[PDB]
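Now for the letters of each chain:
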Amino acid sequence: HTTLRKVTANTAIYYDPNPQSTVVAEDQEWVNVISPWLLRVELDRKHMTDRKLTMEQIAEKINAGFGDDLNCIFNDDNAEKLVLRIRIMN
Amino acid sequence: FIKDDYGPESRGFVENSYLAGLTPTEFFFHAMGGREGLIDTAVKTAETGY
Amino acid sequence: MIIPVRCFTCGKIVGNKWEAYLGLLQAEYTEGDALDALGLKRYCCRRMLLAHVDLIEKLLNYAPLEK
Amino acid sequence: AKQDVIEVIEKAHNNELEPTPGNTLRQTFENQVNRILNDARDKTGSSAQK
Amino acid sequence: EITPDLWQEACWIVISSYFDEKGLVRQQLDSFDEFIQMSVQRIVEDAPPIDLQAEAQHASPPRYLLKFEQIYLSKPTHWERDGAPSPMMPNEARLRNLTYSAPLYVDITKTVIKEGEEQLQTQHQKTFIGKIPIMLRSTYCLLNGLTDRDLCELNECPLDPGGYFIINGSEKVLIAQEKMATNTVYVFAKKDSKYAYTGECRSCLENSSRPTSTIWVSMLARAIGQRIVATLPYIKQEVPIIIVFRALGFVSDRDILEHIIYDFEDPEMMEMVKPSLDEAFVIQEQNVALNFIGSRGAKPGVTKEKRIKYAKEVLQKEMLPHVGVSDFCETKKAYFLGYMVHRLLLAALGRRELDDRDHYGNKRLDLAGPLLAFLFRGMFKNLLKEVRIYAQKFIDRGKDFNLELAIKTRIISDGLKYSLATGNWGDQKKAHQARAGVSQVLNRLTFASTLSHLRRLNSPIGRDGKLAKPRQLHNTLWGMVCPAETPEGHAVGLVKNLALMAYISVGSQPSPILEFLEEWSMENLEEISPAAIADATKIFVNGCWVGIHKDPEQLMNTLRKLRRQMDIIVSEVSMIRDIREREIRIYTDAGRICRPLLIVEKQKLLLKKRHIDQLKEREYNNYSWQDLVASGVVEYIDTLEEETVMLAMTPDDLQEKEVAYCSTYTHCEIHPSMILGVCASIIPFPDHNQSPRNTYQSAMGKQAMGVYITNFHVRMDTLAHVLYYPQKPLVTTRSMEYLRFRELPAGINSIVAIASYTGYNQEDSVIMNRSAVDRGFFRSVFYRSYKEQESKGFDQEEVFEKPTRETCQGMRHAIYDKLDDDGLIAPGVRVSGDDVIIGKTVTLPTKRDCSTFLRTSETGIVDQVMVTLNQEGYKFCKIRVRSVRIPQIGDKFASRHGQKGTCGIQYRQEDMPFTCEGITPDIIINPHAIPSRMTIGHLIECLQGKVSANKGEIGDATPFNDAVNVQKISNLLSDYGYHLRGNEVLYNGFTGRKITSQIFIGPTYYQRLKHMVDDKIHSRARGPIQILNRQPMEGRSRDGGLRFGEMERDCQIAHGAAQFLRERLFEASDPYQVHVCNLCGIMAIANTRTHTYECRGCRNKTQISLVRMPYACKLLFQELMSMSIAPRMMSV
Amino acid sequence: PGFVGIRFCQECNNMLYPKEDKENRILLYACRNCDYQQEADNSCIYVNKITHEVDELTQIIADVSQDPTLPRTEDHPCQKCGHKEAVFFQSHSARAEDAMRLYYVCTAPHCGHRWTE
Amino acid sequence: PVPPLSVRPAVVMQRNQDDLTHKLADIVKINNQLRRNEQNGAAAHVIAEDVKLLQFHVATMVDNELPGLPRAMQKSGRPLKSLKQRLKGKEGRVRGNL
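Thresholds applied
Shown numbers run from 1 along every chain as its sequence is written, which may differ from how the entry numbers residues; residues without coordinates are omitted from display. A letter from A marks each chain and a number from 1 marks each ligand, given out in the order of writing. For clarity, the chains displayed are a part of a larger assembly, and the values are limited to that part. Hydrogen atoms and water are omitted, and side-chain values are computed over all heavy atoms in the structure. UniProt positions are given in the numbering used here, feature names are shortened, and annotations may be inferred rather than shown by experiment. Contacts were defined at the residue level, with two residues in contact if any of their heavy atoms lie within 4.5 Å. Within this document, salt bridges are pairs made up of a side-chain nitrogen of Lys or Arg and a carboxyl oxygen of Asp or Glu, the two lying within 4 Å of each other. In protein, a polar contact requires one atom able to donate a hydrogen and another able to accept it; more generally it is a pair of N or O atoms within 3.5 Å, and residues adjacent in sequence count only if both atoms are side-chain atoms. In the scheme used here, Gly and all other residues not listed as nonpolar or charged are polar, with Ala, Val, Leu, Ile, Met, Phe, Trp, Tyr, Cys and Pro taken as nonpolar and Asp, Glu, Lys and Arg as charged. Stacked, edge-to-face and tilted labels apply to pairs of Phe, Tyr and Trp rings (six-membered ring for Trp) whose centres lie within 6.5 Å, assigned for plane angles under 30 degrees, over 60, and everything in between, in that order. Strands here mean DSSP runs of E at least two residues long; helices mean DSSP runs of H or I at least four residues long; both are numbered from the N terminus. Between buried and exposed lies partly exposed: a residue is buried under 20% and exposed over 50% of the maximum accessible area for its type, with that area taken using a 1.4 Å probe on protein chains only. A ring is scored as having a charge over it whenever the NZ atom of a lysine or the CZ atom of an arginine sits within 6 Å of its centre and within 35 degrees of its normal. Buried area, as used here, totals the accessible surface that two parts lose on assembly, with accessibility defined by a 1.4 Å probe and the loss added over both.

As recorded by UniProt, the Cofactor (unreviewed entry) comment attached to chain E reads in full: "Mg(2+)". In the Sequence similarities (unreviewed entry) part of its UniProt record, chain E is described as follows: "Belongs to the RNA polymerase beta chain family."

Written out as structure tokens, the structure reads:
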């Protein structure tokens, strides 16, 4: 059994007025891109590659569990940092 | 024993036999180890008989 | 209490040796010299005086029941 | 055996000891110490019977 | 100068000084002395005066105060209205079954105002409250400071340690009772509960009437998550801590957080404190929080201003009494409660670790002093609340009152006497509620047993519990509790004795420490702001947060400097600096268990050749242990201070230049053998044995028979056992000379041969030498005492006389000619079972006897007969009977290593094997008892005993001597013409052929235990019967029968012996016949002589069945019918 | 990442709570007692480190050096003052996932240096 | 039903009555008092407390220990031995005597 606590390093929430603004410097969101209060969780490569998951799998699990009440914006499996951002749709 | 001493003498290993006698630390550790078995002997009966 | 009359193991008479043993210890004699000055060659007889505690003296410090 | 326990302690202190899979660093250090002490006790016992 | 390689004598010299200046019951004596000196005074003075009015008016009322102080206590006195009162000798109290008590006196000042503004106060000096039982050899006991010659003149034993009470002529010993330490914060984490962590601090004022008011500060175990609650005394539900602070008086939020998190730059603390903050953003002022607490109170007020006052009272007095109860102590209580919350958060974040419950730093010992204080306080309150009732009953009519009649002197004395005599520690009404086991009857079978019973602790946790954690030997038991000594029954680890040099602190006022502290550079809580509280260190005194200091160092040194010279801080006070966590705690309360340790500077002891020399010439220079303490050479270190200190086992072996281990020692032990107790300090070579063997020897040392006390002939006592020829052991520890074991020994140095001779010792048994037993080997005499008192009704007068057959009706077949005409036997008369000893008859409204018969199968001789008057003035007689116990087969013998065994056979000297000389072993034990028990100490004792008996010296068996070993002992033995390993060539006693194997033989100190076989053997053949159910009685004395129990029944079922099972449970116990109706299975009425069998309720009288039944079954059926159940037994 | 820290109202000294000024679409911290507002400078509300990679050196304090019961070694010197003797010990902290790692504290007081090797 | 003398024996001058005999004496005292009150007084208030106390006594006759209720105690405060406790378990009538 694996919860999302096992794989994440730390979790933080911000108040980004514009999703386009990207208060955190992340060109992945720049190239990828409605609520201003967002959610951000940082995973670690260690448990991620130990249990063989993907950001796509985690995002589809979130979308199935919670429906289209929120959209997950996940960084690709290329950067050293493991980010997925969470909003809440209106 | 110094703090955070994981050595054999500091955690219950007795390098002496019953002939050379036990240094006081080893004597106390052996007494504490045998106390566990003595307690178990008394406690086990009230469960096994039941 | 009091010195036994005979050694438990040997049976050699030890009852008469206690006062002489104390007298010899009231000198330069050690215990090992007093015992064989009294003629105790076996350790069975030697321990009879060596390990004896003479409690009759502590018992006599109490006043008797009668007069 | 004591020298081996001391050097295992050194490896654990310098972070040079890799945790055994299925165990954490503390329990794998405990396992190494117990293995060394039990092997020493068995060897001394066998020397005694010999 | 420094003392090298003279340690083995210097350490024992200073130990001898310690045991000369302090006895072995010093904790008992000091606790009782401090009690009767100051604690009774403070209890009698802090009681509030009582003011009492009339019934509010008489026609269409003044009061008085009656305040008293300045208690007086006198020496024990004895006689009442028959002669001028005289002091009570303790031996006289033992003989006459009196209570060795002392009267205490107070002077009262009743000041009364009635009218006209005229105040008259009348003082009554030496008002009598009662008689307090007093401990022997105490500072007000009549044997205090008397010389040995005077003690012998008073028929008292000079070797008797004292420390016990004589009540109804029976020795009572207050067993020390463990408890969790008070006024200290403990953070725990119970596994299965709604909350994860909980912080408790049970609190007590300086011996106030209020009990331990325990407050818990807890954190929930998972929205928001992790709220902090604090269940409060006299509050039904938990209350969030922020509401508690707002009720305490802090309107703001920053001020509240200043009392919990001391450094605001730590956001991890804030992230866990805000979930509790956002719980209570609806209370903003003090009064609404007071209302919130009052609503949750046990007594909810009907109006708002009643809940306000109730909750204010709870916060003022119930919560945290030890930090202060006064007009304005809100800031101090808030600081301490915020500290408690901070402690809980530190455990929640993992910055610190959970406190251990078994850590005996967290434990306190309730000795005679504290226990008698706790019980006297309650009885004194009960006395006051009846003086008040008498005063009310006279002032309602308002005529006058007399305080002499108002004072009920019975209550205090009778409560003390009942509590100490029975053991139920509390009021007599709550006999089941009050804890028992305290104040046991002193065990007076051996001097070592008496010492062990006088030095004993007790853990008041429930027995027969499957939680072994409390029972386990904790690491903090080093040198304060004997690791070996503990009972093997259901009290393993719960009942633990006291180490040799272990001393229990007696308590003192912390006020001098407070004035000393407040004048260096520290600040009280009210002076500073929490801005500078994070970088400095918190000072605790008896668990209450007193202040804050910027420089922990050079104040720790200052406190140690004062304690080492006894300037202001006494020796028992312990100062503890926690370093990684900034607390610095000072403890002064009573019950702290501590032991003396040497002081070590850079790497050198402060004990010097000059100290050893001037203390070796003692009794002339009087340089005692107290002077040694005053020299700043030794300190008393408890468990708290033992955590923060670094010890060395031996100065020579652990303070030298080598491959460095510590090089930063702070203390050294005087001698490691002092970690043992009293019964475990008589074990030779105890480190060469398996620990369960040592525990069993510590248990059996209390059962070895010997001269238990010097004045055993004046001591009329039941179950007294003395050996004919006790001997001090040939091989001994250096710790026996302090237990006085070489003055009152229990055992004989027997020559044992560990061999299999015939097979009568195979399963842990033993062969004895019949000739040695004839010569007096282990021969003893058994003293049993019989008491009787005449009296009880208007005309049923008891009287001692010879019962005469034509006059008295009820008589046994026993012969009464052995009695003298006064009704007693003269001492020196041979007696046997079913022989009358005390001829006592009661008048029959001719006469019926109540004569005391000698216990069956005793068959002894009367030693002495004493007649006297009890405290009721009636004739009282005690008779003691001698009966010698020649060692026979089956008598339980044991060594000093837990090698017990019953004699299996007794061979004469001819039948017994022998050496090249005529030496035949007094004892032969099976060699198959060594290898699994692993009592190598037994073998080394047997070797050293031969070495000593040949050398002429007394063998030395100090545990950790390290100056003697098997090789040295063997080399010493080889010089005397014996095999170096103790083996000898014995010859067979029957055939004369030398035994092929060589026999291990030598003198070993065996003990004779009280478990004789003549005191256990009994049979039965249709003897006496119980009254309720007609089954055989129970007990050896009552000629009872053995119990064919539920497992024996199951074993017979498994055998499939149904006829034998029925024979055992039906005919061999209680055959019985009952008559039952055939229509209804109810028992009928049978009149056998007229053969009229009728079952009412049916009117049949014709069809009636007889069924054979156990009487217990019939009585079960009758009980069921009484419970309205109808067990109907149809035989069809 | 960092840690968010609670700061208090200057009027009544109470805990601020995050709010969105919907008109300007900007974060505001609002006291629920009084009408005080203030603009937030961190833009972060809540941070939670699940891996809890903690630098124990911050919780280690300098006065631990004079503890008689701690081991002492001259093999590892201090870095600023080059003092020969150093006091070392383990984490002494609960929830230390896997750490036998030694933390060192320099003696010769007023140095108080702390490092890890 | 009142159990016979065999179930509740009385020893002679320790005569001393049985623990169950004392409870039966209390039962008959309160039953007679309640009876005489209910004919003569018929207050209908003291009768309620009388019935309540008689109910408590008769219940504790068979079962001394109940949750939330006072235990029936003989003099010196020791609780009585009810019939349930007399035949409850170990050292009871059935398990300890049959």
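Between chain B and chain E, the residue contacts involve 26 residues of the former and 42 residues of the latter. In this structure, the connection of chain B to chain E is made through zero salt bridges. Along the contact surface separating chain B from chain E lie eight residue pairs in polar contact. Tallied by class, the residues present in the side of chain B that touches chain E amount to 16 nonpolar, six polar and four charged.

Quick look at the packing of aromatic side chains now. What the rule picks out here adds up to 43 aromatic pairs over all chains. With centroids separated by 6.2 Å and ring planes inclined at 75 degrees, the aromatic side chains of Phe-1044 of chain E and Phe-1060 of chain E adopt a geometry described as edge-to-face. Residue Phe-1044 of chain E is located in the loop between strand 45 (999–1008) and helix 27 (1046–1055), and its partner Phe-1060 of chain E is located in helix 28 (residues 1058–1067); the two are separated by 16 residues in the primary sequence. For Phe-1044 of chain E, a relative accessible area of 28% gives the class partly exposed. These aromatic residues form a ring-pair network of at least three members: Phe-8 of chain C together with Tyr-724, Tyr-725, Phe-777, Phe-778 and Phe-893 of chain E. Above the ring of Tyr-816 of chain E, the side-chain terminus of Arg-805 of chain E is found at 5.9 Å from the ring centroid.

Moving on, we get to the pattern of salt bridges. All names here are of chain E. Counted under the stated rule, the structure contains 73 salt bridges over all chains. One salt bridge connects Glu-206 with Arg-42, and the closest N-O pair in it is separated by 3.5 Å. Between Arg-397 and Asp-396 there is a salt bridge, and its shortest N-O distance comes to 3.8 Å. Connected via shared salt-bridge partners are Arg-94, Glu-156, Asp-160, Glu-171, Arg-444 and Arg-715.

Here the focus is the interface of chain C and chain E. Across the contact, 30 residues belong to chain C and 46 residues belong to chain E. Between chain C and chain E, roughly 3000 Å² of surface is buried when both sides are summed, and carbon and sulfur atoms account for 64% of that area. When the area that chain C buries against chain E is broken down by residue, the three leading residues are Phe-8, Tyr-43 and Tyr-62 of chain C, summing to 30%. The tally of links between chain C and chain E comes to one salt bridge. Put simply, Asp-922 of chain E and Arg-47 of chain C hold a salt bridge, and the shortest N to O gap is 2.9 Å. Our count for the chain C to chain E interface comes out at nine residue pairs in polar contact. Only helix 2 (31–37), helix 3 (43–50) and helix 4 (56–60) of chain C provide two or more residues apiece to the side of chain C that touches chain E. When residues in the side of chain C that touches chain E are grouped by element, the largest group, six residues, is from helix 3 of chain C. Residue composition of the side of chain C that touches chain E, grouped by class: 19 nonpolar, five polar and six charged.

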